[PDB]
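**Q** One file is attached below, run38.cif, containing mmCIF, C-alpha atoms.
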```
data_start
loop_
_atom_site.label_atom_id
_atom_site.label_comp_id
_atom_site.auth_asym_id
_atom_site.auth_seq_id
_atom_site.Cartn_x
_atom_site.Cartn_y
_atom_site.Cartn_z
CA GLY A 59 189.34 48.39 84.80
CA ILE A 60 189.38 46.48 88.11
CA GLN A 61 187.98 49.38 90.16
CA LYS A 62 190.79 51.85 89.40
CA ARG A 63 188.01 54.07 88.11
CA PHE A 64 187.44 57.57 89.52
CA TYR A 65 190.74 59.06 90.73
CA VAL A 66 190.66 62.63 91.96
CA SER A 67 193.72 64.59 93.05
CA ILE A 68 193.82 66.02 96.57
CA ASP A 69 193.39 69.59 95.31
CA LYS A 70 189.94 68.70 93.94
CA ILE A 71 188.73 67.21 97.23
CA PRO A 72 186.69 69.31 99.71
CA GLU A 73 188.29 70.44 102.99
CA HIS A 74 185.21 68.97 104.66
CA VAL A 75 185.86 65.50 103.27
CA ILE A 76 189.56 65.49 104.22
CA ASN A 77 188.80 66.80 107.67
CA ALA A 78 185.94 64.37 108.16
CA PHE A 79 188.33 61.47 107.48
CA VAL A 80 191.13 62.91 109.62
CA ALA A 81 188.98 63.82 112.64
CA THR A 82 187.38 60.37 112.52
CA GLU A 83 190.29 57.99 111.74
CA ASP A 84 193.58 59.82 112.47
CA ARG A 85 192.95 63.08 114.33
CA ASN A 86 196.66 63.80 114.55
CA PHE A 87 197.45 62.68 110.98
CA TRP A 88 199.20 65.84 109.82
CA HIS A 89 201.85 65.56 112.50
CA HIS A 90 202.94 61.96 113.11
CA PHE A 91 205.46 59.85 111.21
CA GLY A 92 203.53 56.80 110.10
CA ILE A 93 202.37 55.53 113.47
CA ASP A 94 200.94 57.45 116.40
CA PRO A 95 202.51 56.55 119.79
CA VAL A 96 200.14 58.79 121.75
CA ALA A 97 197.15 57.53 119.77
CA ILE A 98 198.28 53.95 120.41
CA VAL A 99 198.58 54.64 124.16
CA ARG A 100 195.46 56.82 124.43
CA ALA A 101 193.82 53.93 122.57
CA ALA A 102 194.60 51.30 125.21
CA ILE A 103 192.67 53.39 127.77
CA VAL A 104 189.28 53.28 126.06
CA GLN A 113 188.35 52.14 119.87
CA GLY A 114 191.93 53.21 119.13
CA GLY A 115 194.25 51.73 116.56
CA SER A 116 196.05 52.67 113.38
CA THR A 117 196.90 55.81 111.43
CA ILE A 118 195.65 56.71 107.95
CA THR A 119 199.05 55.71 106.57
CA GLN A 120 198.77 52.32 108.25
CA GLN A 121 195.33 51.72 106.71
CA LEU A 122 196.82 52.59 103.36
CA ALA A 123 199.63 50.05 103.88
CA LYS A 124 197.16 47.44 105.09
CA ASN A 125 195.60 47.62 101.63
CA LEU A 126 198.82 47.19 99.62
CA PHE A 127 199.01 43.54 100.58
CA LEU A 128 197.46 41.25 97.99
CA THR A 129 196.33 39.12 100.95
CA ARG A 130 193.81 40.04 103.64
CA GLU A 131 195.81 38.77 106.64
CA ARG A 132 195.53 40.18 110.18
CA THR A 133 198.27 38.41 112.18
CA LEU A 134 200.51 40.37 114.55
CA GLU A 135 203.31 39.86 112.05
CA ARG A 136 201.33 41.52 109.24
CA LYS A 137 200.38 44.43 111.51
CA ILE A 138 204.11 45.11 111.95
CA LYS A 139 204.84 44.78 108.23
CA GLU A 140 202.12 47.41 107.84
CA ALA A 141 203.61 49.85 110.36
CA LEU A 142 207.09 49.47 108.79
CA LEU A 143 205.67 50.14 105.36
CA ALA A 144 203.71 53.06 106.80
CA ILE A 145 206.91 54.52 108.24
CA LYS A 146 208.80 54.07 105.00
CA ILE A 147 205.96 55.59 102.98
CA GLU A 148 205.99 58.66 105.24
CA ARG A 149 209.71 59.07 104.51
CA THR A 150 209.03 58.86 100.76
CA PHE A 151 205.89 60.92 100.10
CA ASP A 152 204.37 63.95 101.84
CA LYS A 153 201.12 64.13 103.81
CA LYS A 154 198.94 65.70 101.11
CA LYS A 155 200.02 62.93 98.73
CA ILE A 156 199.48 60.12 101.25
CA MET A 157 196.05 61.59 101.95
CA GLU A 158 195.39 61.65 98.22
CA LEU A 159 196.32 57.98 97.74
CA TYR A 160 194.48 56.80 100.83
CA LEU A 161 191.25 58.63 99.97
CA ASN A 162 191.22 57.18 96.43
CA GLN A 163 191.78 53.52 97.40
CA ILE A 164 189.65 53.15 100.53
CA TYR A 165 186.65 50.84 100.25
CA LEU A 166 183.44 52.60 101.27
CA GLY A 167 180.82 49.94 100.63
CA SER A 168 178.61 49.10 97.66
CA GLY A 169 181.52 48.34 95.36
CA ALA A 170 182.71 51.91 95.90
CA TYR A 171 186.52 52.46 96.01
CA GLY A 172 187.69 55.96 96.79
CA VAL A 173 185.81 59.12 97.68
CA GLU A 174 184.71 59.77 94.10
CA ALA A 175 183.16 56.40 93.35
CA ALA A 176 181.49 56.84 96.72
CA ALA A 177 180.07 60.32 96.08
CA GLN A 178 178.29 58.93 93.00
CA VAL A 179 177.09 55.58 94.41
CA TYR A 180 175.71 57.31 97.52
CA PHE A 181 174.76 60.82 96.35
CA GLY A 182 174.60 60.80 92.55
CA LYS A 183 177.25 63.53 92.41
CA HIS A 184 180.94 64.43 92.42
CA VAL A 185 183.09 64.42 95.52
CA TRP A 186 183.73 68.14 95.10
CA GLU A 187 179.94 68.69 94.99
CA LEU A 188 179.46 67.12 98.45
CA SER A 189 177.99 68.98 101.42
CA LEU A 190 179.34 68.82 104.96
CA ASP A 191 176.80 66.23 106.08
CA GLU A 192 177.48 64.21 102.93
CA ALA A 193 181.18 64.23 103.72
CA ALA A 194 180.53 63.11 107.30
CA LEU A 195 178.72 60.05 105.95
CA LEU A 196 181.67 58.90 103.88
CA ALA A 197 184.07 59.20 106.82
CA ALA A 198 181.78 56.97 108.89
CA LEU A 199 182.14 54.03 106.49
CA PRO A 200 185.84 52.95 106.64
CA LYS A 201 185.33 51.39 110.09
CA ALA A 202 182.85 48.91 108.59
CA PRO A 203 181.30 49.67 105.18
CA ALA A 204 178.83 46.80 105.49
CA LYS A 205 177.84 47.57 109.07
CA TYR A 206 177.11 51.25 108.44
CA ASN A 207 175.95 51.20 104.81
CA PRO A 208 173.15 53.79 104.47
CA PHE A 209 171.44 51.57 101.89
CA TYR A 210 170.45 48.89 104.42
CA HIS A 211 171.42 50.25 107.81
CA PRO A 212 170.38 53.90 107.44
CA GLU A 213 169.91 53.88 111.21
CA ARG A 214 173.46 52.94 112.25
CA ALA A 215 174.73 54.89 109.25
CA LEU A 216 172.93 58.01 110.42
CA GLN A 217 174.13 58.07 114.01
CA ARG A 218 177.68 57.28 113.03
CA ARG A 219 177.49 60.19 110.60
CA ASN A 220 176.50 62.57 113.38
CA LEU A 221 179.32 61.07 115.42
CA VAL A 222 181.83 62.05 112.72
CA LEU A 223 180.25 65.52 112.74
CA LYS A 224 180.66 65.66 116.51
CA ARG A 225 184.32 64.67 116.01
CA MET A 226 184.88 67.37 113.38
CA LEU A 227 183.33 69.90 115.74
CA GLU A 228 185.74 68.94 118.54
CA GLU A 229 188.70 69.26 116.19
CA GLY A 230 187.51 72.72 115.24
CA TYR A 231 187.05 71.73 111.59
CA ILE A 232 183.47 73.08 111.61
CA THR A 233 181.50 75.64 113.66
CA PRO A 234 178.69 74.88 116.12
CA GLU A 235 176.18 76.41 113.71
CA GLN A 236 177.56 74.23 110.91
CA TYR A 237 177.26 71.26 113.30
CA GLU A 238 173.60 71.81 114.24
CA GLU A 239 172.58 72.16 110.61
CA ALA A 240 174.40 69.03 109.46
CA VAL A 241 173.23 66.64 112.19
CA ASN A 242 169.66 67.51 111.16
CA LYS A 243 170.19 66.93 107.43
CA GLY B 59 211.89 67.36 105.11
CA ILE B 60 213.69 64.02 104.67
CA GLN B 61 213.97 64.32 100.87
CA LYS B 62 210.22 64.53 100.17
CA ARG B 63 211.09 67.79 98.46
CA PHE B 64 210.21 68.41 94.80
CA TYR B 65 207.08 66.47 93.84
CA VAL B 66 205.72 67.02 90.35
CA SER B 67 202.52 65.47 89.04
CA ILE B 68 202.67 63.29 85.93
CA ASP B 69 200.94 65.93 83.80
CA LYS B 70 203.86 68.32 84.34
CA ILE B 71 206.49 65.77 83.26
CA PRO B 72 207.81 65.73 79.66
CA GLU B 73 206.81 62.88 77.32
CA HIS B 74 210.53 62.50 76.65
CA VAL B 75 211.32 61.84 80.31
CA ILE B 76 208.52 59.29 80.76
CA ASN B 77 209.43 57.54 77.54
CA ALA B 78 213.13 57.58 78.36
CA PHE B 79 212.39 55.75 81.63
CA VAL B 80 209.94 53.31 80.03
CA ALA B 81 212.08 52.42 77.01
CA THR B 82 215.08 51.89 79.31
CA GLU B 83 213.62 50.09 82.37
CA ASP B 84 210.20 48.65 81.43
CA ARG B 85 209.61 48.86 77.66
CA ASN B 86 206.24 47.16 77.98
CA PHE B 87 205.18 49.06 81.12
CA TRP B 88 201.86 50.38 79.83
CA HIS B 89 200.53 46.90 79.21
CA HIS B 90 201.56 44.43 81.91
CA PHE B 91 200.00 43.79 85.32
CA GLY B 92 202.80 44.35 87.80
CA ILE B 93 205.29 41.82 86.50
CA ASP B 94 206.32 41.04 82.94
CA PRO B 95 206.37 37.30 82.10
CA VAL B 96 207.76 37.87 78.60
CA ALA B 97 210.33 40.34 79.91
CA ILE B 98 211.32 37.84 82.60
CA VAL B 99 211.74 35.09 79.98
CA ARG B 100 213.33 37.30 77.30
CA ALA B 101 215.61 38.36 80.16
CA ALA B 102 216.96 34.87 80.87
CA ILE B 103 218.22 34.70 77.26
CA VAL B 104 220.62 37.64 77.42
CA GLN B 113 220.29 42.40 81.64
CA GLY B 114 216.60 41.64 82.20
CA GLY B 115 214.71 41.88 85.46
CA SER B 116 211.91 43.82 87.06
CA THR B 117 209.14 46.19 86.00
CA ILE B 118 208.80 49.85 86.99
CA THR B 119 206.10 48.83 89.47
CA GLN B 120 208.45 46.29 91.03
CA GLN B 121 211.18 48.93 91.46
CA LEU B 122 208.62 51.12 93.13
CA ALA B 123 207.68 48.31 95.54
CA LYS B 124 211.34 47.52 96.19
CA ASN B 125 211.61 51.02 97.64
CA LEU B 126 208.61 50.82 99.99
CA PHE B 127 210.51 48.49 102.30
CA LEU B 128 212.22 50.31 105.15
CA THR B 129 215.00 47.73 104.76
CA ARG B 130 217.35 47.27 101.82
CA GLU B 131 217.13 43.46 101.59
CA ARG B 132 217.62 41.45 98.38
CA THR B 133 216.76 37.84 99.32
CA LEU B 134 214.58 35.72 97.05
CA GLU B 135 211.83 36.05 99.64
CA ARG B 136 211.90 39.86 99.45
CA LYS B 137 211.87 39.77 95.64
CA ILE B 138 208.56 37.88 95.87
CA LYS B 139 207.12 40.24 98.48
CA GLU B 140 207.97 42.96 95.95
CA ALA B 141 206.22 41.28 93.01
CA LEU B 142 203.10 40.62 95.15
CA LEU B 143 203.03 44.23 96.23
CA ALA B 144 203.61 45.28 92.62
CA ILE B 145 200.62 43.19 91.53
CA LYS B 146 198.41 44.57 94.27
CA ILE B 147 199.47 48.14 93.50
CA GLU B 148 198.55 47.64 89.84
CA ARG B 149 195.06 46.54 90.95
CA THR B 150 194.72 49.67 93.10
CA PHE B 151 196.13 52.57 91.05
CA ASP B 152 196.37 53.21 87.30
CA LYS B 153 199.50 53.36 85.14
CA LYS B 154 199.81 57.16 84.92
CA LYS B 155 199.64 57.32 88.72
CA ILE B 156 202.14 54.51 89.28
CA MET B 157 204.45 56.25 86.81
CA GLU B 158 203.97 59.48 88.76
CA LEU B 159 204.87 57.88 92.11
CA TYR B 160 207.80 55.93 90.73
CA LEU B 161 209.34 58.93 88.95
CA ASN B 162 209.14 61.08 92.11
CA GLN B 163 210.73 58.56 94.51
CA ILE B 164 213.52 57.05 92.41
CA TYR B 165 217.06 57.80 93.55
CA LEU B 166 219.13 59.31 90.75
CA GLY B 167 222.44 60.01 92.45
CA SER B 168 223.88 63.04 94.23
CA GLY B 169 221.23 63.06 96.92
CA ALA B 170 218.63 63.52 94.19
CA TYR B 171 215.24 61.79 94.72
CA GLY B 172 212.76 62.03 91.90
CA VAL B 173 213.00 63.57 88.44
CA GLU B 174 212.62 67.13 89.72
CA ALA B 175 215.37 67.09 92.34
CA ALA B 176 217.44 65.50 89.58
CA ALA B 177 216.74 68.11 86.90
CA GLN B 178 218.07 70.79 89.28
CA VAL B 179 221.08 68.92 90.71
CA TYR B 180 222.22 67.92 87.21
CA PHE B 181 220.96 70.72 84.93
CA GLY B 182 220.08 73.71 87.11
CA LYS B 183 216.51 73.63 85.80
CA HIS B 184 213.01 72.17 86.09
CA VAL B 185 212.06 68.73 84.88
CA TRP B 186 209.59 70.25 82.43
CA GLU B 187 212.43 72.42 81.06
CA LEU B 188 214.53 69.36 80.14
CA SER B 189 215.64 68.55 76.58
CA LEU B 190 215.55 65.10 75.01
CA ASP B 191 219.23 64.43 75.68
CA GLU B 192 218.81 65.70 79.24
CA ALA B 193 215.95 63.27 79.77
CA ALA B 194 218.00 60.39 78.38
CA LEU B 195 220.64 61.06 81.03
CA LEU B 196 218.20 60.74 83.91
CA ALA B 197 216.86 57.42 82.61
CA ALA B 198 220.41 56.05 82.52
CA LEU B 199 220.91 56.52 86.27
CA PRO B 200 218.42 54.15 88.01
CA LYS B 201 220.53 51.10 87.07
CA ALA B 202 223.40 52.47 89.18
CA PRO B 203 223.39 56.16 90.15
CA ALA B 204 226.94 55.96 91.52
CA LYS B 205 228.34 54.01 88.58
CA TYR B 206 226.97 56.36 85.92
CA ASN B 207 226.98 59.70 87.76
CA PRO B 208 227.94 62.39 85.20
CA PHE B 209 229.74 64.32 87.95
CA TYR B 210 232.56 61.76 88.28
CA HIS B 211 232.00 59.23 85.53
CA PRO B 212 230.97 61.52 82.66
CA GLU B 213 232.38 58.83 80.36
CA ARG B 214 230.18 55.91 81.44
CA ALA B 215 227.37 58.38 82.01
CA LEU B 216 227.63 59.64 78.45
CA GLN B 217 227.57 56.32 76.65
CA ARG B 218 224.77 55.01 78.78
CA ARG B 219 222.83 58.15 77.89
CA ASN B 220 223.23 57.47 74.19
CA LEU B 221 222.18 53.90 74.91
CA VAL B 222 218.90 55.15 76.41
CA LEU B 223 218.51 57.32 73.30
CA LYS B 224 219.11 54.28 71.11
CA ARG B 225 216.43 52.46 73.15
CA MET B 226 213.93 55.31 72.74
CA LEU B 227 214.61 55.29 69.01
CA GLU B 228 213.84 51.55 68.78
CA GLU B 229 210.59 52.04 70.69
CA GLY B 230 209.63 54.77 68.26
CA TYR B 231 209.51 57.39 71.01
CA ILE B 232 211.82 59.70 69.00
CA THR B 233 212.74 60.12 65.31
CA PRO B 234 216.11 59.30 63.71
CA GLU B 235 216.78 63.02 63.26
CA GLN B 236 215.95 63.60 66.93
CA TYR B 237 218.31 60.70 67.75
CA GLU B 238 221.33 62.00 65.80
CA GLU B 239 221.02 65.44 67.36
CA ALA B 240 220.74 64.15 70.92
CA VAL B 241 223.63 61.65 70.87
CA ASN B 242 225.87 64.55 69.83
CA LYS B 243 224.72 66.93 72.59
#
```
Kindly return the structure encoded in the file as structure tokens.
**A**
Amino acid sequence: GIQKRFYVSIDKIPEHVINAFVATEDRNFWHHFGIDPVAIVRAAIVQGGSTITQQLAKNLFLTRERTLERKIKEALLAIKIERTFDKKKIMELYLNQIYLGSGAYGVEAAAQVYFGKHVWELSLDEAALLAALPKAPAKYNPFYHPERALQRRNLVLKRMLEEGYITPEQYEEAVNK
Amino acid sequence: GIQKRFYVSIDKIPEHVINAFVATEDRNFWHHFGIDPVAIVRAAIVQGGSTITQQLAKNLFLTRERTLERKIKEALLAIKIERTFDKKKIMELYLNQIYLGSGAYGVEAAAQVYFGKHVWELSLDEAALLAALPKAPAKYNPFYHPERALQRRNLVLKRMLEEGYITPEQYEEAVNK
């Protein structure tokens, strides 16, 4: 098996993990149609970028190209995908394919590599750490950059708090874990 | 909802339906890697064509193009998909997106439109009918071409028999339903 090991359906994935990934990478994921116009504009201002669906598309290309052309092929695919499968399913696929450093593909493989346990056994702070990796697994890998990894984790937590996915009490406890 | 209505996970889909689709469209689906070299060659001889994974890719393009270029973009996607998700999952996705005529997308929407019931409530002969549609939903639609639809159904049954997915007794009973 290439790395197609450890697939877990959406219904067995913690609300905290889903929310951590949404708040951090595509805050308005549940409502757009593949691409986020507002996000794209609000991005120009100050970060920014793609939607979860786009990141999923980006990884369906056998090649690792980044031209402007490819970015459009991604957004078109993203849009078509959104017309074919629902949000919970897209979230499921995305979460199980995403590279999270240390040879870990998907939330499950990650939960074990980083916390010796199952994704559904993860705490809030443990979920926040996974969501902080996608941006750059190698730059924020807790194994050798526990410092950048840590602050980016608390940043995800701060994001989740702003989205209302967790309470202030829940926030204070997590950032100190 | 566009048509993203009626999604059913692989584990709730009858062995007869899966097998009917495999035997008919990608006999050696469980063992290839996205494309089937032997199938492609054995195809030239006498039919032939793509793998289930390829058909899935073909439908992730917002456009309905058929150039040689697009056929290659499909096979590359197919190959990448196979390296990302396992067979049972690919089968799940494919089966839920495939157009089967009469506005029906996926096996579920099909089971209802054609047999007023749920995919898991389908009989062997009912499963054989669904597998006969992908080739040309409009050419074999039971609603207006019950004649072509019928013989192609029995052809799927004959295929399933040859693959050993059903017994001779099971075959005789179905072709007469």
**Q** Enumerate, as an mmCIF file with C-alpha atoms, in the coordinates of the input, the residues matched when the PyMOL selection byres ((chain A) within 8 of (chain B)) is run on the file above.
**A**
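Just written: selection28.cif:
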```
data_model
loop_
_atom_site.group_PDB
_atom_site.id
_atom_site.type_symbol
_atom_site.label_atom_id
_atom_site.label_comp_id
_atom_site.auth_asym_id
_atom_site.auth_seq_id
_atom_site.Cartn_x
_atom_site.Cartn_y
_atom_site.Cartn_z
ATOM 1 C CA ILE A 60 189.380 46.480 88.110
ATOM 2 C CA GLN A 61 187.980 49.380 90.160
ATOM 3 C CA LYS A 62 190.790 51.850 89.400
ATOM 4 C CA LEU A 126 198.820 47.190 99.620
ATOM 5 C CA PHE A 127 199.010 43.540 100.580
ATOM 6 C CA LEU A 128 197.460 41.250 97.990
ATOM 7 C CA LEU A 142 207.090 49.470 108.790
ATOM 8 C CA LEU A 143 205.670 50.140 105.360
ATOM 9 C CA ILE A 145 206.910 54.520 108.240
ATOM 10 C CA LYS A 146 208.800 54.070 105.000
ATOM 11 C CA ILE A 147 205.960 55.590 102.980
ATOM 12 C CA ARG A 149 209.710 59.070 104.510
ATOM 13 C CA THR A 150 209.030 58.860 100.760
ATOM 14 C CA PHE A 151 205.890 60.920 100.100
ATOM 15 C CA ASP A 152 204.370 63.950 101.840
ATOM 16 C CA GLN A 163 191.780 53.520 97.400
#
```
**Q** Any chance you could work out the residue set of the PyMOL selection byres ((chain A and resi 190-199) around 6) here, as a list in words?
**A**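 Checking the PyMOL selection byres ((chain A and resi 190-199) around 6) against this file, the residues are residues 74, 75, 78, 79, 166, 188, 189, 200, 201, 202, 203, 218, 219, 222, 223 and 240 of chain A.
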**Q** Given the choices A:114, A:92, A:182, A:172, which gets closest to residue 64 of chain A if the distance is worked out from all atoms listed in the file?
**A**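 The closest residue to residue 64 of chain A is A:172.
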**Q** Would you write out, as a compact mmCIF listing (two decimals) with C-alpha atoms, in the coordinates of the input, every residue that the PyMOL selection byres ((chain A and resi 90) around 12) captures in this file?
**A**
```
# COMPACT_ATOMS: atom_id res chain seq x y z
CA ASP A 84 193.58 59.82 112.47
CA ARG A 85 192.95 63.08 114.33
CA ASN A 86 196.66 63.80 114.55
CA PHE A 87 197.45 62.68 110.98
CA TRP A 88 199.20 65.84 109.82
CA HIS A 89 201.85 65.56 112.50
CA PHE A 91 205.46 59.85 111.21
CA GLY A 92 203.53 56.80 110.10
CA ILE A 93 202.37 55.53 113.47
CA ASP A 94 200.94 57.45 116.40
CA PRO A 95 202.51 56.55 119.79
CA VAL A 96 200.14 58.79 121.75
CA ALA A 97 197.15 57.53 119.77
CA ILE A 98 198.28 53.95 120.41
CA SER A 116 196.05 52.67 113.38
CA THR A 117 196.90 55.81 111.43
CA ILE A 118 195.65 56.71 107.95
CA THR A 119 199.05 55.71 106.57
CA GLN A 120 198.77 52.32 108.25
CA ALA A 144 203.71 53.06 106.80
CA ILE A 145 206.91 54.52 108.24
CA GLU A 148 205.99 58.66 105.24
CA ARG A 149 209.71 59.07 104.51
CA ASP A 152 204.37 63.95 101.84
CA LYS A 153 201.12 64.13 103.81
```
**Q** Each side padded by 5 Å, which centre and which edge lengths in Å (one decimal) define the axis-aligned box around the listed atoms of segment 98-124 of chain B? Give them as AutoDock Vina command-line options.
**A**
```
--center_x 213.4 --center_y 42.9 --center_z 86.7 --size_x 24.5 --size_y 26.4 --size_z 28.9
```
**Q** How many Å lie between atom CA of residue 231 of chain B and atom CA of residue 72 of chain B, rounded to one decimal?
**A**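 These two atoms are separated by 12.1 Å.
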**Q** In Å, with one decimal, what is the gap from atom CA of residue 169 of chain A to atom CA of residue 158 of chain B?
**A** 25.9 Å
**Q** Could you jot down the atom CA of residue 124 of chain A to atom CA of residue 173 of chain A separation for me, Å, one decimal place?
**A** 17.9 Å
**Q** Could you check the closest approach to residue 168 of chain A for each of A:70, A:205, A:214, A:184 and tell me which residue wins, using all atoms listed in the file?
**A**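 Of all the options, A:205 lies closest to residue 168 of chain A.
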**Q** Would you mind putting back N, CA and C atoms on segment 76-92 of chain A, then writing it out as an mmCIF file, in the coordinates of the input?
**A**
```cif
data_model
loop_
_atom_site.group_PDB
_atom_site.id
_atom_site.type_symbol
_atom_site.label_atom_id
_atom_site.label_comp_id
_atom_site.auth_asym_id
_atom_site.auth_seq_id
_atom_site.Cartn_x
_atom_site.Cartn_y
_atom_site.Cartn_z
ATOM 1 N N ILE A 76 188.249 65.790 103.643
ATOM 2 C CA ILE A 76 189.560 65.490 104.220
ATOM 3 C C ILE A 76 189.421 65.525 105.731
ATOM 4 N N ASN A 77 188.953 66.650 106.244
ATOM 5 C CA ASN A 77 188.800 66.800 107.670
ATOM 6 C C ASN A 77 187.904 65.759 108.299
ATOM 7 N N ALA A 78 186.841 65.377 107.606
ATOM 8 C CA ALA A 78 185.940 64.370 108.160
ATOM 9 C C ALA A 78 186.707 63.061 108.374
ATOM 10 N N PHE A 79 187.538 62.697 107.400
ATOM 11 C CA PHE A 79 188.330 61.470 107.480
ATOM 12 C C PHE A 79 189.429 61.561 108.522
ATOM 13 N N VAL A 80 190.062 62.729 108.641
ATOM 14 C CA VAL A 80 191.130 62.910 109.620
ATOM 15 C C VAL A 80 190.571 62.876 111.041
ATOM 16 N N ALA A 81 189.609 63.750 111.321
ATOM 17 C CA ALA A 81 188.980 63.820 112.640
ATOM 18 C C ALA A 81 188.483 62.461 113.122
ATOM 19 N N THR A 82 187.934 61.678 112.202
ATOM 20 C CA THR A 82 187.380 60.370 112.520
ATOM 21 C C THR A 82 188.336 59.179 112.663
ATOM 22 N N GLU A 83 189.344 59.106 111.787
ATOM 23 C CA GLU A 83 190.290 57.990 111.740
ATOM 24 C C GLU A 83 191.728 58.235 112.202
ATOM 25 N N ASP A 84 192.202 59.473 112.099
ATOM 26 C CA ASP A 84 193.580 59.820 112.470
ATOM 27 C C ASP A 84 193.604 61.315 112.799
ATOM 28 N N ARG A 85 193.041 61.681 113.946
ATOM 29 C CA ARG A 85 192.950 63.080 114.330
ATOM 30 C C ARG A 85 194.247 63.852 114.240
ATOM 31 N N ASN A 86 195.344 63.180 114.550
ATOM 32 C CA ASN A 86 196.660 63.800 114.550
ATOM 33 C C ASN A 86 197.501 63.337 113.346
ATOM 34 N N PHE A 87 196.825 63.141 112.221
ATOM 35 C CA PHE A 87 197.450 62.680 110.980
ATOM 36 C C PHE A 87 198.526 63.602 110.409
ATOM 37 N N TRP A 88 198.256 64.902 110.391
ATOM 38 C CA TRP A 88 199.200 65.840 109.820
ATOM 39 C C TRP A 88 200.525 65.981 110.547
ATOM 40 N N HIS A 89 200.625 65.402 111.736
ATOM 41 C CA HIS A 89 201.850 65.560 112.500
ATOM 42 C C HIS A 89 202.680 64.334 112.859
ATOM 43 N N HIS A 90 202.136 63.125 112.750
ATOM 44 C CA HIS A 90 202.940 61.960 113.110
ATOM 45 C C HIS A 90 203.848 61.498 111.993
ATOM 46 N N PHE A 91 204.512 60.364 112.198
ATOM 47 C CA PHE A 91 205.460 59.850 111.210
ATOM 48 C C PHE A 91 205.146 58.476 110.634
ATOM 49 N N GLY A 92 203.876 58.100 110.619
ATOM 50 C CA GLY A 92 203.530 56.800 110.100
ATOM 51 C C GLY A 92 202.705 56.067 111.118
#
```
